[PDB]
Amino acid sequence: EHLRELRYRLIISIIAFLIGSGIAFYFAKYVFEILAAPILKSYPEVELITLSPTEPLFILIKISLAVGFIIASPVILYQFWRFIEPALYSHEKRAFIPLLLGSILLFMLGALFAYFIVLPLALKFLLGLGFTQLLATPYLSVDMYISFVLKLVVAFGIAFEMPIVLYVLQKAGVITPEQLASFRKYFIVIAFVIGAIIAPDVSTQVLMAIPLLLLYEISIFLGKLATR
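As named in the PDB entry, the protein is Sec-independent protein translocase protein TatC, taken from Aquifex aeolicus VF5. Its UniProt record gives the protein a comment under Subunit, which states: "Forms a complex with TatA." Under the UniProt heading Sequence similarities, the note attached to the protein is "Belongs to the TatC family."

Listed below in structure tokens is the structure:
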């Protein structure tokens, strides 16, 4: 069962992700304007660029994909908790609901955090320094910005489930808070890895690596509270 449930439930997750990506397709234009909103109001001078002669569709597909992954998040979380919880660690069926709902609300919190906090601060470290506006008025690509935003929101959306999963592991006695405290530097490496992947440059990389390390020191605290 331990082998098969992984496969099955993951297939269900891919199904929900695909269907969710399908539903988000038609609304991807409105979502595109919503995503273009922060850079528009915060920096009216900056104008977007379509890059290669025609690629309007790639952005549509990427947006529909990411948003589709976000829509499928309750289902994916459900399958995840259903894969872990019932087998070993807890054996409490009443503790399933606030755990799932909590993880969902924290996923949403991660999204909103990425969009409303990290994003306008990310633009501040890039286009937001001094008189440099000379060097981008109509200078900016759409794909760069949009992919950056999507990857940022999805990343921080997932990474906000760190304190939960880690609290569960530390409560179950799987991972000791000490083992996490000794792993801090390697998690710095991980943070700069994620940052290197999603963020275009060093500035934004280190910028979003900060809350990642922040959420890591939250988990070690919840571990001390799990043991005591």
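From this point, things continue past the structure.
Novice: When you look at the environment of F116 in this model, what are you seeing that I'm missing?
Specialist: Here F116 lies in helix α5 (residues 96-126). Along the sequence, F116 and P38 sit 78 residues apart, while their C-alpha atoms lie 8.9 Å from each other.

Novice: Can you help me understand empty space enclosed by the protein in this one?
Specialist: Considering all chains together, one arrives at one cavity of 30 Å³ or more under this definition. Computed from the structure, the largest cavity encloses a volume of approximately 30 Å³. If you trace the largest cavity, you find it lined by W81, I84, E85, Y89, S90, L99 and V168.

Novice: Is there a simple way to explain the nonpolar core in this structure?
Specialist: Soluble, globular proteins show a tendency: their nonpolar side chains are buried together. Judged by nonpolar contacts, the single largest core of 47 residues is most densely connected at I63, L119, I146, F148, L152, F156 and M208. For this core, the secondary-structure elements that each account for two or more residues are α2 (28-42), α3 (56-71), α4 (73-84), α5, α6 (142-159), α7 (162-172), α9 (184-198) and α10 (202-227). When residues of this core are assigned to their parent elements, the largest contribution, eleven residues, is made by α6. Not counting residues up to four positions away in its chain, the partners in contact with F156 are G110, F113, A114, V118, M208, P211 and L212.

Novice: Before we go on, may I ask you to explain the packing of α5 against α6 in this structure?
Specialist: Geometry of a packed helix pair, given as the angle between the helix axes and the separation of the axes. In the contact formed by α5 and α6, the axes pass within 7 Å of each other and the chain directions differ by 140°. In terms of axis orientation, α5 runs oblique to α6. Seen along the crossing, α5 lies across α6 with a hand that is right-handed. Contact residues: α5 offers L106, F107, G110, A111, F113, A114, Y115, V118, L119, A122 and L123, while α6 offers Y145, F148, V149, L152, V153, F156, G157 and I158. Broken down by class, the residue content of the contact of α5 with α6 amounts to 17 nonpolar, two polar and no charged.

Novice: Looking at this structure, how should I read the packing of aromatic side chains?
Specialist: Pairs of aromatic rings are described using the distance from one ring centre to the other and the angle between the two planes. Tallying each qualifying case throughout the model produces nine aromatic pairs. An angle of 15° between the planes, with centres 4.1 Å apart, marks the rings of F187 and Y216 as stacked. On the criterion of sequence distance, the pair formed by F187 in helix α9 and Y216 in helix α10 is long-range, its members being 29 residues apart. An identical accessibility class is assigned to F187 and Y216; each is buried. One cation-aromatic arrangement involves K93 over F96; the distance from NZ or CZ to the ring centre is 4.9 Å.

Novice: Looking at this structure, I do not really get the side chain of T204. What am I missing?
Specialist: On the secondary structure map, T204 appears in helix α10. Judged by its relative accessible area of 0%, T204 falls in the buried class. Polar side-chain contacts of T204 include one of 2.5 Å to the side chain of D201. Other than its neighbours up to four places away in sequence, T204 contacts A122, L126, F148 and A199.

Novice: What should I look at first to understand unusual backbone geometry in this one?
Specialist: One can expect most non-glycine residues to show negative phi and most peptide bonds to be in trans. Although it is not a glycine, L51 sits at a positive phi angle of roughly 60°. Note that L51 resides in the loop between β1 (48-49) and α3. Phi at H91 takes a positive value of approximately 65°, unusual for a residue other than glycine.

Novice: Before we go on, may I ask you to explain α10 in this structure?
Specialist: Note that an α-helix has 3.6 residues per turn; residues three or four places apart therefore point the same way. The end-to-end C-alpha separation of α10 is 38 Å, in line with the 38 Å expected for 26 residues at 1.5 Å each. Where α10 is buried, its residues touch α5, α6, α7, α8 (177-181) and α9.

Here is what the cut-offs are and how they apply
- Residues numbered from 1 in each chain as written, not as in the entry; some residues may be left out.
- Heavy atoms only, no water.
- UniProt positions renumbered as here; feature names shortened; annotations may be inferred.
- Helix = DSSP H or I, 4+ residues; strand = E, 2+ residues; numbered from the N terminus.
- 1 Å grid on protein atoms, 1.4 Å probe; cavity = no way out; pocket = protein on both sides within 12 Å on 5 of 7 lines; lining within 4 Å.
- Points joined across faces, edges and corners; volume = space filled by probe spheres on them.
- Core = buried A, V, L, I, M, F, W, Y, C linked by side-chain atoms within 4.5 Å.
- Buried < 20%, exposed > 50% of the residue type's maximum accessible area, 1.4 Å probe, protein only.
- Contact = heavy atoms within 4.5 Å.
- Axes fitted to C-alpha atoms, helices over the stretch in contact; angles between N-to-C directions.
- Parallel < 35°, antiparallel > 145°, perpendicular 65-115°, else oblique.
- Left-handed = near helix turned anticlockwise from the far one by under 90°.
- Nonpolar A, V, L, I, M, F, W, Y, C, P; charged D, E, K, R; others polar.
- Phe/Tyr/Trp six-rings, centres within 6.5 Å; stacked < 30°, edge-to-face > 60°.
- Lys NZ or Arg CZ within 6 Å of the ring centre and 35° of its normal.
- Polar contact = N/O pair within 3.5 Å; in protein donor to acceptor, adjacent residues only side chain to side chain.
- Expected span 1.5 Å × (residues − 1).

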